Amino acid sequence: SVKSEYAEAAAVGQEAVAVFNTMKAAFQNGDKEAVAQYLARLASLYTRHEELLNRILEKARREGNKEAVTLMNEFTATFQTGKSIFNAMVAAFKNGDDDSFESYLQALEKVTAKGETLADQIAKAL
């Protein structure tokens, strides 16, 4: 069901949260080799999450579930805000700019925290 597809998407999102916090610890400790690997792992988790969200939104549209489509249009827009901040973070790492990396990391944390009440609303709406 689309609802169980959203639970699968939610779990992939939680996996990225877990890997992100582990990446943050490694960054603070200066373990750049670990950070590089965690960033690759996160890039894969976001690409997976983004595609699953796209399938869920498309399915909601085909089902005519207007409220779920509204919420998923907002949530996918916000996901892209997080994604853009991720890609800038990756570039900051490549460039050795730890000041920008710290900035983009905190912003990504606050954008994600903000998007959580909506994430829970979608589960109920599908």
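Rigid core (definition): largest C-alpha set, two forms, superposition within 1.5 Å. One rule holds for the numbers: they count along the sequence shown, beginning at 1.
- Farther on average from this form in 8 other deposited structures of this protein lies stretch 112-120, the comparison being between 112-120 and 17-25 by RMS Cα distance after core superposition.
- Relative to one another, 76-84 and 97-105 have unequal mean CA B-factors, and 97-105 is the one with the higher figure.
- With 107-115 and 12-20 compared on mean CA B-factor from the PDB entry, the stretch scoring higher is 107-115.
- Ranked within its chain, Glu58 lands in the middle third, by CA B factor from the PDB record.
- When the CA B factors of the chain's modelled residues are split into thirds, the value for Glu33 lands in the highest one.
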